[PDB]
Amino acid sequence: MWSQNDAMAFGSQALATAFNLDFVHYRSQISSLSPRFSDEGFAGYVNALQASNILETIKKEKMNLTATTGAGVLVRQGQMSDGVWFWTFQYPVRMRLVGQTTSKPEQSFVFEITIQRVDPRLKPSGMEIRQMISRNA
């Protein structure tokens, strides 16, 4: 298993979960995503949320975050010095803060995600995101 197509699907699934957040349950949604990331990877997600002021806006304005991930592509793959295989993908992502009475403007990005292999004895997916970088599109 662990084909590049499997890894691409893992990344798009992670992005879908990461950026569809509910104004009531967002903290629990976010913590539940941790298994998809290394802790350094998760820092990139936290940075992406902060760069768009997501958490404060969700909390203060009672807005949900919605997002759609487009078709992604493999940039490169290989192994690190440690013999651990990785894949780097980029995906278009559009997201929008949406409230009951109104919304914020949609924002468009390309996310770069590097996924590395993990011992399946530790994480049964055998994968985790070790780096997440948001770029404006």
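Here are the numbers for this structure:
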{"item": "Whichever residue in the range 12-34 is among the aliphatic types (A, V, I, L, M) and either exposed (fewer than 13 other Cβ atoms within 10 Å of the Cβ) or part of a helix (DSSP H, G or I) (or both) and, among such residues, is farthest from the chain's Cα centre (by Cα)", "result": "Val24"}
{"item": "Some residue of the range 93-102 being touching a strand residue (DSSP E or B) at 6+ places or on another chain (Cβ under 8 Å) and on the phi > 0 side of the Ramachandran plot", "result": "no"}
{"item": "Selected residue (only one of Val84, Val75 is in contact (Cβ under 8 Å) with a residue 24 or more places away in the chain, under 19 Å from the mean Cα position of the chain (by Cα) and surrounded by fewer than 15 Cβ atoms within 10 Å (Cβ to Cβ))", "result": "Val75"}
{"item": "Any hit, the range 122-131, residues being over 20 Å from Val46 (Cβ atoms), free of Cβ contacts under 8 Å to residues at least 40 places away in the same chain and touching a strand residue (DSSP E or B) at 6+ places or on another chain (Cβ under 7 Å)", "result": "no"}
{"item": "Residue that is surrounded by the most Cβ atoms within 10 Å (Cβ to Cβ) [pool: residues in the range 87-124 that are more than 16 Å from the chain's Cα centre (by Cα) and over 22 Å from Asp22 (Cα atoms)]", "result": "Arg117"}
{"item": "Any hit, the range 35-54, residues being surrounded by 16 or more Cβ atoms within 10 Å (Cβ to Cβ), polar (S, T, N, Q), out of contact with any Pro (no Cβ under 6 Å at 6 or more places or on another chain) and not in a loop (DSSP other than H, G, I, E, B)", "result": "no"}
{"item": "Residues of the range 55-72 satisfying the condition of being more than 13 Å from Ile113 (Cβ to Cβ), under 14 Å from the mean Cα position of the chain (by Cα) and buried (at least 18 other Cβ atoms within 10 Å of the Cβ)", "result": "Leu65, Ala67"}
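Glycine gets a Cβ as well: all are built from the backbone with ideal geometry, and neighbour counts include every protein chain shown. Throughout, read-outs are computed from the coordinates displayed, never taken from laboratory work.
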